[PDB]
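Here is the structure we will look at.
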Amino acid sequence: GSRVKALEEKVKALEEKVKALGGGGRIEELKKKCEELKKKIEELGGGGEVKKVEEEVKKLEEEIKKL
Ligand SMILES: *Sc1ccccc1O
């Protein structure tokens with residue numbers, strides 16, 4: 001990857017972690033935002049708005065880091 005091509009591979013692996021987890025609370029909020037985030041990347045193009053969705057992936061990533 002380089003920019004966008006690498007983005008899709010980042011969240012895709014991000015799911016294998018949650019899907020393997022369990023319990024409510026922090027896992028709940030991270031779930032709804034997890035999938036909705038992906039579909040947002042499909043609508044995106046090459047640049048511009050790609051910066052916004054990028055921040056959406058940065059929030060859920062750092063989140064699971066603690067839980
Ligand atoms: S990131 C993630 C976790 C669990 C289910 C779906 C997802 O996209």
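Letters A, B, ... mark the chains of the structure tokens in the order given; residue numbers begin at 1 per chain; ligand numbers begin at 1, in order shown.
Environment of ligand 1, defined as every protein or nucleic acid residue with an atom within 10 Å of it and counting only C-alpha atoms and all ligand atoms, comprises residues 10, 11, 12, 13, 14, 15, 16, 17, 18, 19, 20, 21, 27, 28, 30, 31, 32, 33, 34, 35, 36, 37, 38, 39, 57, 60 and 61 of chain A.
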Among chain A, which residues does DSSP mark as alpha helix (DSSP H) when it is run on the backbone? Keep the chain and numbering as in the structure and answer as a PyMOL selection string.
chain A and resi 4-18+26-43+50-64
Write the residues you've just listed into a file as a tab-separated table (two decimals), in the first residue's frame, and include C-alpha atoms for each of them.
chain	number	residue	atom	x	y	z
A	4	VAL	CA	-5.59	4.54	0.34
A	5	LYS	CA	-4.64	0.99	-0.63
A	6	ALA	CA	-3.10	0.64	2.83
A	7	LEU	CA	-6.13	2.17	4.57
A	8	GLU	CA	-8.45	-0.70	3.62
A	9	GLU	CA	-5.94	-3.24	4.96
A	10	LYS	CA	-5.70	-1.38	8.28
A	11	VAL	CA	-9.37	-1.57	9.31
A	12	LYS	CA	-9.81	-5.03	7.81
A	13	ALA	CA	-7.32	-6.37	10.34
A	14	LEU	CA	-8.89	-4.13	12.96
A	15	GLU	CA	-12.04	-6.26	12.72
A	16	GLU	CA	-10.35	-9.62	13.35
A	17	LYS	CA	-9.44	-8.20	16.76
A	18	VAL	CA	-12.89	-7.01	17.84
A	26	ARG	CA	-16.11	-0.20	25.11
A	27	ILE	CA	-16.58	-3.03	22.61
A	28	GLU	CA	-20.09	-1.84	21.75
A	29	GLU	CA	-19.20	1.70	20.63
A	30	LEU	CA	-16.15	0.37	18.78
A	31	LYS	CA	-18.36	-2.07	16.85
A	32	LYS	CA	-20.94	0.27	15.30
A	33	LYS	CA	-18.19	2.75	14.39
A	34	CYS	CA	-16.00	-0.06	13.03
A	35	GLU	CA	-18.21	-1.21	10.14
A	36	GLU	CA	-19.72	2.19	9.32
A	37	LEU	CA	-16.13	3.39	8.95
A	38	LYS	CA	-15.35	0.89	6.19
A	39	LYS	CA	-18.33	1.78	3.98
A	40	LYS	CA	-17.16	5.38	4.32
A	41	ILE	CA	-13.89	4.45	2.63
A	42	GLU	CA	-15.70	2.93	-0.35
A	43	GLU	CA	-17.57	6.16	-1.02
A	50	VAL	CA	-9.97	10.97	2.47
A	51	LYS	CA	-8.42	12.97	5.32
A	52	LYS	CA	-11.68	13.05	7.28
A	53	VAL	CA	-12.37	9.31	7.17
A	54	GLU	CA	-8.70	8.84	8.07
A	55	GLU	CA	-9.33	10.47	11.44
A	56	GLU	CA	-12.33	8.19	11.97
A	57	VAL	CA	-10.03	5.16	11.74
A	58	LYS	CA	-7.48	6.71	14.09
A	59	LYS	CA	-10.04	7.02	16.90
A	60	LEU	CA	-11.22	3.40	16.88
A	61	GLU	CA	-7.66	2.11	16.56
A	62	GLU	CA	-6.25	3.85	19.64
A	63	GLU	CA	-9.44	2.89	21.48
A	64	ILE	CA	-8.96	-0.88	21.28
